[PDB]
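S.K.: Next comes the structure file coords30.cif, holding mmCIF, C-alpha atoms and all ligand atoms.
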data_query
#
loop_
_atom_site.label_atom_id
_atom_site.label_comp_id
_atom_site.auth_asym_id
_atom_site.auth_seq_id
_atom_site.Cartn_x
_atom_site.Cartn_y
_atom_site.Cartn_z
CA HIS A 85 -57.45 -34.87 -155.31
CA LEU A 86 -57.58 -37.49 -158.08
CA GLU A 87 -60.42 -37.26 -160.57
CA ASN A 88 -61.94 -39.76 -163.00
CA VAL A 89 -60.02 -42.55 -161.22
CA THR A 90 -61.61 -45.53 -159.48
CA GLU A 91 -58.81 -47.71 -158.11
CA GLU A 92 -59.85 -50.82 -156.19
CA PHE A 93 -58.53 -50.74 -152.63
CA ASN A 94 -58.29 -53.58 -150.15
CA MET A 95 -58.20 -53.49 -146.34
CA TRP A 96 -58.17 -57.09 -145.11
CA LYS A 97 -55.55 -57.87 -147.77
CA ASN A 98 -53.65 -54.60 -147.33
CA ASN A 99 -49.99 -54.95 -146.32
CA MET A 100 -49.79 -51.53 -144.64
CA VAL A 101 -51.35 -53.02 -141.49
CA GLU A 102 -48.89 -55.94 -141.71
CA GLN A 103 -45.85 -53.65 -141.66
CA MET A 104 -47.56 -51.64 -138.91
CA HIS A 105 -48.15 -54.79 -136.85
CA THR A 106 -44.53 -55.90 -137.20
CA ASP A 107 -43.07 -52.41 -136.74
CA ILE A 108 -44.69 -51.84 -133.34
CA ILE A 109 -43.54 -55.27 -132.15
CA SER A 110 -39.87 -54.72 -133.00
CA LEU A 111 -40.26 -51.21 -131.54
CA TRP A 112 -41.61 -52.46 -128.20
CA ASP A 113 -38.66 -54.83 -127.70
CA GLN A 114 -36.16 -52.16 -128.79
CA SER A 115 -37.36 -49.86 -125.99
CA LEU A 116 -37.20 -52.59 -123.33
CA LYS A 117 -33.86 -54.30 -124.05
CA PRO A 118 -31.86 -51.52 -122.25
CA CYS A 119 -33.75 -51.70 -118.96
CA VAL A 120 -33.58 -53.43 -115.60
CA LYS A 121 -34.03 -57.20 -115.74
CA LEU A 122 -36.03 -58.80 -112.93
CA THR A 123 -34.61 -62.33 -112.79
CA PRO A 124 -33.77 -62.45 -109.01
CA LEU A 125 -37.42 -61.65 -108.38
CA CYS A 126 -38.34 -65.35 -108.75
CA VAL A 127 -37.87 -66.52 -105.16
CA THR A 128 -40.29 -68.28 -102.81
CA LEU A 129 -42.77 -65.53 -101.93
CA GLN A 130 -44.46 -65.68 -98.52
CA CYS A 131 -47.53 -63.45 -98.62
CA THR A 132 -50.65 -62.77 -96.57
CA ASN A 133 -53.88 -60.96 -97.40
CA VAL A 134 -53.94 -57.19 -96.96
CA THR A 135 -55.29 -55.39 -93.87
CA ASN A 136 -59.09 -55.43 -94.21
CA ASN A 137 -59.81 -55.20 -90.45
CA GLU B 5 -77.48 -67.64 -83.38
CA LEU B 6 -74.94 -65.23 -81.93
CA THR B 7 -74.11 -65.28 -78.22
CA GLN B 8 -73.80 -62.26 -75.95
CA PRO B 9 -73.55 -62.78 -72.17
CA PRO B 10 -76.22 -61.08 -70.10
CA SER B 11 -74.81 -61.03 -66.55
CA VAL B 12 -71.29 -59.84 -65.73
CA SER B 13 -70.01 -57.27 -63.23
CA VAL B 14 -66.76 -55.50 -62.36
CA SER B 15 -65.40 -53.00 -59.83
CA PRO B 16 -65.53 -49.26 -60.60
CA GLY B 17 -62.26 -47.71 -61.66
CA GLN B 18 -61.08 -50.92 -63.34
CA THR B 19 -60.88 -52.17 -66.91
CA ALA B 20 -63.69 -54.49 -68.02
CA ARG B 21 -64.32 -56.88 -70.92
CA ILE B 22 -67.34 -57.35 -73.21
CA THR B 23 -67.59 -60.21 -75.70
CA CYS B 24 -70.01 -61.40 -78.36
CA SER B 25 -69.52 -64.78 -80.04
CA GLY B 26 -70.89 -65.74 -83.45
CA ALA B 27 -69.81 -67.54 -86.62
CA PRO B 28 -71.11 -64.83 -89.03
CA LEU B 29 -68.37 -62.53 -87.68
CA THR B 30 -66.68 -61.39 -90.89
CA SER B 31 -68.84 -59.12 -93.08
CA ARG B 32 -70.76 -58.09 -89.95
CA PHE B 33 -68.59 -55.85 -87.73
CA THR B 34 -70.01 -55.30 -84.23
CA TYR B 35 -72.71 -53.28 -82.52
CA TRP B 36 -73.29 -53.00 -78.78
CA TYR B 37 -74.91 -49.79 -77.42
CA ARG B 38 -75.92 -49.14 -73.78
CA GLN B 39 -79.66 -48.65 -73.25
CA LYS B 40 -80.27 -47.03 -69.89
CA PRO B 41 -83.68 -48.10 -68.53
CA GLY B 42 -86.58 -46.59 -70.44
CA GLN B 43 -84.31 -44.59 -72.75
CA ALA B 44 -82.87 -44.88 -76.26
CA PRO B 45 -79.47 -46.44 -77.06
CA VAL B 46 -76.54 -44.45 -78.43
CA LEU B 47 -73.40 -45.18 -80.45
CA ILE B 48 -71.13 -47.47 -78.45
CA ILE B 49 -68.52 -47.26 -81.22
CA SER B 50 -68.90 -46.12 -84.82
CA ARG B 51 -67.18 -46.88 -88.11
CA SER B 52 -65.76 -43.75 -89.82
CA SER B 53 -63.37 -45.54 -92.26
CA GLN B 54 -62.87 -49.08 -93.45
CA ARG B 55 -59.76 -49.56 -91.30
CA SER B 56 -60.61 -49.02 -87.64
CA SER B 57 -62.79 -47.16 -85.15
CA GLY B 58 -61.30 -46.99 -81.66
CA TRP B 59 -60.09 -43.40 -81.82
CA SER B 60 -62.05 -41.93 -78.93
CA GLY B 61 -60.44 -42.44 -75.55
CA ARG B 62 -63.38 -43.87 -73.70
CA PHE B 63 -63.58 -47.17 -75.62
CA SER B 64 -61.61 -49.55 -77.82
CA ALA B 65 -62.25 -52.85 -79.56
CA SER B 66 -60.20 -55.93 -80.41
CA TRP B 67 -60.90 -58.80 -82.80
CA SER B 68 -60.48 -62.54 -82.19
CA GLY B 69 -61.37 -65.60 -84.28
CA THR B 70 -65.06 -65.60 -83.34
CA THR B 71 -65.46 -63.73 -80.05
CA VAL B 72 -65.16 -59.95 -80.26
CA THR B 73 -63.44 -57.93 -77.55
CA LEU B 74 -64.94 -54.63 -76.38
CA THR B 75 -62.29 -53.22 -74.09
CA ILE B 76 -63.36 -50.15 -72.10
CA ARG B 77 -61.82 -47.18 -70.32
CA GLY B 78 -59.97 -47.45 -67.03
CA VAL B 79 -62.70 -45.77 -64.99
CA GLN B 80 -65.94 -47.77 -65.07
CA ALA B 81 -67.77 -45.33 -62.78
CA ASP B 82 -71.04 -43.46 -63.44
CA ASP B 83 -71.69 -45.18 -66.80
CA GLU B 84 -73.69 -48.37 -66.27
CA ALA B 85 -76.41 -50.11 -68.29
CA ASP B 86 -76.93 -53.33 -70.23
CA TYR B 87 -74.76 -53.58 -73.37
CA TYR B 88 -76.40 -55.51 -76.23
CA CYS B 89 -74.67 -56.70 -79.44
CA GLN B 90 -75.74 -56.76 -83.11
CA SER B 91 -74.28 -57.86 -86.45
CA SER B 92 -75.26 -58.86 -89.99
CA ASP B 93 -75.22 -62.18 -91.85
CA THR B 94 -72.73 -63.06 -94.59
CA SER B 95 -75.26 -62.42 -97.40
CA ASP B 96 -75.46 -58.83 -96.10
CA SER B 97 -79.10 -59.67 -95.52
CA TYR B 98 -80.47 -59.97 -91.98
CA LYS B 99 -79.23 -58.46 -88.72
CA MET B 100 -78.73 -60.87 -85.86
CA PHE B 101 -79.66 -59.89 -82.30
CA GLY B 102 -78.59 -61.93 -79.30
CA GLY B 103 -78.90 -60.15 -75.97
CA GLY B 104 -76.23 -58.35 -74.01
CA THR B 105 -74.76 -58.03 -70.55
CA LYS B 106 -76.10 -55.83 -67.77
CA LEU B 107 -73.20 -54.63 -65.63
CA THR B 108 -73.28 -53.34 -62.05
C1 LIG C 1 -79.41 -57.11 -117.93
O1 LIG C 1 -80.51 -56.21 -117.89
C2 LIG C 1 -81.69 -56.78 -117.32
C3 LIG C 1 -82.76 -55.72 -117.48
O2 LIG C 1 -84.04 -56.26 -117.16
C4 LIG C 1 -81.38 -57.16 -115.86
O3 LIG C 1 -82.56 -57.66 -115.22
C5 LIG C 1 -82.83 -56.79 -114.11
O4 LIG C 1 -82.29 -55.50 -114.37
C6 LIG C 1 -82.48 -54.54 -113.33
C7 LIG C 1 -81.88 -53.22 -113.80
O5 LIG C 1 -81.78 -52.29 -112.73
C8 LIG C 1 -81.81 -55.07 -112.06
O6 LIG C 1 -81.66 -54.06 -111.02
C9 LIG C 1 -82.62 -53.79 -109.93
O7 LIG C 1 -83.14 -54.94 -109.24
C10 LIG C 1 -83.83 -54.51 -108.07
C11 LIG C 1 -84.05 -55.72 -107.16
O8 LIG C 1 -82.75 -56.26 -106.87
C12 LIG C 1 -82.77 -57.02 -105.65
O9 LIG C 1 -82.25 -58.33 -105.86
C13 LIG C 1 -80.96 -58.25 -106.46
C14 LIG C 1 -80.55 -59.62 -106.97
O10 LIG C 1 -81.38 -59.88 -108.10
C15 LIG C 1 -79.97 -57.66 -105.47
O11 LIG C 1 -78.67 -57.61 -106.06
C16 LIG C 1 -80.45 -56.27 -105.11
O12 LIG C 1 -79.59 -55.70 -104.12
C17 LIG C 1 -80.01 -54.33 -103.91
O13 LIG C 1 -80.51 -54.14 -102.59
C18 LIG C 1 -79.57 -54.60 -101.62
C19 LIG C 1 -80.25 -54.63 -100.26
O14 LIG C 1 -79.32 -54.39 -99.20
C20 LIG C 1 -80.01 -53.60 -98.20
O15 LIG C 1 -80.55 -54.40 -97.15
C21 LIG C 1 -79.56 -55.24 -96.56
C22 LIG C 1 -80.23 -56.18 -95.57
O16 LIG C 1 -80.91 -57.22 -96.29
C23 LIG C 1 -78.52 -54.38 -95.86
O17 LIG C 1 -77.49 -55.21 -95.31
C24 LIG C 1 -77.91 -53.43 -96.88
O18 LIG C 1 -77.01 -52.53 -96.22
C25 LIG C 1 -79.02 -52.64 -97.56
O19 LIG C 1 -79.68 -51.84 -96.58
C26 LIG C 1 -78.36 -53.69 -101.67
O20 LIG C 1 -77.39 -54.13 -100.71
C27 LIG C 1 -77.75 -53.71 -103.07
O21 LIG C 1 -76.69 -52.74 -103.16
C28 LIG C 1 -78.81 -53.40 -104.11
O22 LIG C 1 -79.24 -52.04 -104.00
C29 LIG C 1 -81.89 -56.33 -104.61
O23 LIG C 1 -81.93 -57.07 -103.38
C30 LIG C 1 -85.11 -53.76 -108.46
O24 LIG C 1 -85.75 -53.38 -107.23
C31 LIG C 1 -84.72 -52.54 -109.31
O25 LIG C 1 -85.77 -51.82 -109.99
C32 LIG C 1 -87.01 -51.63 -109.30
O26 LIG C 1 -87.09 -50.40 -108.58
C33 LIG C 1 -86.74 -49.28 -109.41
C34 LIG C 1 -86.65 -48.01 -108.57
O27 LIG C 1 -87.97 -47.56 -108.24
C35 LIG C 1 -87.81 -49.14 -110.48
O28 LIG C 1 -87.50 -48.03 -111.34
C36 LIG C 1 -87.88 -50.43 -111.30
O29 LIG C 1 -88.95 -50.34 -112.25
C37 LIG C 1 -88.10 -51.61 -110.37
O30 LIG C 1 -89.39 -51.51 -109.74
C38 LIG C 1 -83.85 -53.04 -110.46
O31 LIG C 1 -84.67 -53.91 -111.25
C39 LIG C 1 -82.41 -56.43 -111.67
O32 LIG C 1 -81.75 -56.95 -110.51
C40 LIG C 1 -82.20 -57.37 -112.85
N1 LIG C 1 -82.62 -58.74 -112.57
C41 LIG C 1 -83.84 -59.24 -112.82
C42 LIG C 1 -84.71 -59.41 -111.61
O33 LIG C 1 -84.21 -59.56 -113.93
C43 LIG C 1 -80.22 -58.15 -115.81
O34 LIG C 1 -79.88 -58.51 -114.46
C44 LIG C 1 -79.02 -57.53 -116.51
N2 LIG C 1 -77.91 -58.47 -116.50
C45 LIG C 1 -76.73 -58.19 -115.92
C46 LIG C 1 -75.73 -59.30 -115.91
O35 LIG C 1 -76.49 -57.09 -115.44
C1 LIG C 2 -56.79 -64.82 -98.17
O1 LIG C 2 -57.31 -64.88 -99.51
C2 LIG C 2 -57.22 -66.18 -100.08
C3 LIG C 2 -57.71 -66.14 -101.52
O2 LIG C 2 -57.86 -67.49 -101.99
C4 LIG C 2 -58.03 -67.18 -99.26
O3 LIG C 2 -57.85 -68.49 -99.80
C5 LIG C 2 -57.55 -67.16 -97.81
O4 LIG C 2 -58.35 -68.04 -97.01
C6 LIG C 2 -57.62 -65.74 -97.27
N1 LIG C 2 -57.14 -65.69 -95.89
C7 LIG C 2 -57.73 -64.92 -94.98
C8 LIG C 2 -57.47 -65.29 -93.55
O5 LIG C 2 -58.45 -63.98 -95.28
#
Before we go any further, please render this structure as structure tokens.

M.R.:
Amino acid sequence: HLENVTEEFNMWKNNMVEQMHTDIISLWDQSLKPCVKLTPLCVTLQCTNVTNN
Amino acid sequence: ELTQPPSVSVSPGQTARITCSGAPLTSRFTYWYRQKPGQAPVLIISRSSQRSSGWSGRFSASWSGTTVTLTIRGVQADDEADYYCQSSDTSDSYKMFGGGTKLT
């Protein structure tokens, strides 16, 4: 606990949220690069509505 | 303005065929019931799931574009009365009634 001190903070100008924003982004891609790619899933799909009687 | 026939007949011990034609046949399903004279009607077929309801042996139903098909059991003996037909409009408001066939 700091006493007698009154340092001026800032939240909308704080750079801790900026490094947080950019850390999670580079972390999301790092956990998806070594996984199954779905490129041969773009083929002409022939669909019909589900069974609703 | 649905349409149910009122006069058809068939031989006993043979499969029959009940229809009911109407454009509001989507969000409506189908009623029928067989009111013996001076009595109260009973469940012709009843919905106990959103999928289907032809589990009991006596009766089954099929669906066409507008006309509905009420197939029935092989034996048509002993059970005879006029079979009405009822359904609901697309706005889920109103229930249409339009007669039904007496079979001998
Ligand atoms: C923002 O909030 C404001 C608050 O004022 C909203 O304004 C009103 O808010 C109330 C809050 O509850 C709303 O809810 C209730 O409205 C009913 C009357 O609704 C009837 O009309 C609406 C369309 O407006 C319709 O959706 C309702 O459907 C009900 O009933 C049908 C009927 O189907 C039955 O019959 C058919 C055959 O025709 C069958 O096929 C079917 O199987 C079934 O048997 C059902 O299908 C629906 O599921 C649904 O139940 C109605 O048709 C009032 O009656 C309610 O309150 C009154 O009674 C209660 C209970 O006693 C009482 O406490 C209260 O004081 C009232 O006397 C209640 O008001 C309003 O609709 C709503 N609109 C108005 C009129 O201002 C505003 O909408 C909100 N905004 C948003 C976007 O949500
Ligand atoms: C299936 O749903 C689509 C949604 O747009 C609709 O256009 C189409 O008519 C529906 N087909 C049937 C027969 O339900």

S.K.: Based on only C-alpha atoms, which of the residues in chain A come within 12 Å of chain B? I want them as an mmCIF file with C-alpha atoms, in the coordinates of the input.

M.R.:
data_model
loop_
_atom_site.group_PDB
_atom_site.id
_atom_site.type_symbol
_atom_site.label_atom_id
_atom_site.label_comp_id
_atom_site.auth_asym_id
_atom_site.auth_seq_id
_atom_site.Cartn_x
_atom_site.Cartn_y
_atom_site.Cartn_z
ATOM 1 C CA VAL A 134 -53.940 -57.190 -96.960
ATOM 2 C CA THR A 135 -55.290 -55.390 -93.870
ATOM 3 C CA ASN A 136 -59.090 -55.430 -94.210
ATOM 4 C CA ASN A 137 -59.810 -55.200 -90.450
#

S.K.: Between atom CA of residue 76 of chain B and atom CA of residue 62 of chain B, what is the spacing in Å?

M.R.: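 Between atom CA of residue 62 of chain B and atom CA of residue 76 of chain B the gap works out to 6.5 Å.
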
S.K.: For ligand LIG 1 (chain C), return the neighbouring residues as a PDB file with C-alpha atoms, in the coordinates of the input (distance at most 8 Å; all atoms listed in the file).

M.R.:
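Final file, result10.pdb:
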ATOM      1  CA  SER B  92     -75.260 -58.860 -89.990  1.00  0.00           C
ATOM      2  CA  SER B  95     -75.260 -62.420 -97.400  1.00  0.00           C
ATOM      3  CA  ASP B  96     -75.460 -58.830 -96.100  1.00  0.00           C
ATOM      4  CA  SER B  97     -79.100 -59.670 -95.520  1.00  0.00           C
ATOM      5  CA  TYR B  98     -80.470 -59.970 -91.980  1.00  0.00           C
ATOM      6  CA  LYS B  99     -79.230 -58.460 -88.720  1.00  0.00           C
TER       7      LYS B  99
END

S.K.: Enter the distance from atom CA of residue 32 of chain B to atom CA of residue 7 of chain B, in Å, rounded to one decimal.

M.R.: 14.2 Å

S.K.: Just checking: using all atoms listed in the file, which residue out of A:132, A:103, A:110, A:123 ends up closest to ligand LIG 2 (chain C)?

M.R.: A:132

S.K.: Given the point (-60.3, -49.9, -57.9) in the coordinates of this file, which residues lie within 10 Å, counting all atoms listed in the file, and how would they look as a compact mmCIF listing (two decimals) with C-alpha atoms, in the coordinates of the input?

M.R.:
# COMPACT_ATOMS: atom_id res chain seq x y z
CA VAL B 14 -66.76 -55.50 -62.36
CA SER B 15 -65.40 -53.00 -59.83
CA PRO B 16 -65.53 -49.26 -60.60
CA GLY B 17 -62.26 -47.71 -61.66
CA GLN B 18 -61.08 -50.92 -63.34
CA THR B 19 -60.88 -52.17 -66.91
CA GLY B 78 -59.97 -47.45 -67.03
CA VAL B 79 -62.70 -45.77 -64.99
CA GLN B 80 -65.94 -47.77 -65.07

S.K.: Mind pulling up the distance from atom CA of residue 68 of chain B to atom CA of residue 128 of chain A?

M.R.: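 Separating atom CA of residue 128 of chain A from atom CA of residue 68 of chain B is a distance of 29.4 Å.
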
S.K.: Report, as lines of an AutoDock Vina configuration file, the centre and edge lengths in Å (one decimal) of the axis-aligned box enclosing every listed atom of ligand LIG 2 (chain C), padded by 5 Å on each side.

M.R.:
center_x = -57.6
center_y = -66.2
center_z = -97.8
size_x = 11.7
size_y = 14.5
size_z = 18.4

S.K.: Quick one: residues within 12 Å of segment 36-51 of chain B, only C-alpha atoms, excluding same-chain residues fewer than 3 positions away - as a PyMOL selection string?

M.R.: (chain A and resi 137) or (chain B and resi 8-9+22-24+32-33+54-65+72-76+82-91+100-107)

S.K.: Between B:11, B:31, B:108, B:53, which has the minimum distance to ligand LIG 2 (chain C) (counting all atoms listed in the file)?

M.R.: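 Nearest to ligand LIG 2 (chain C): B:31.
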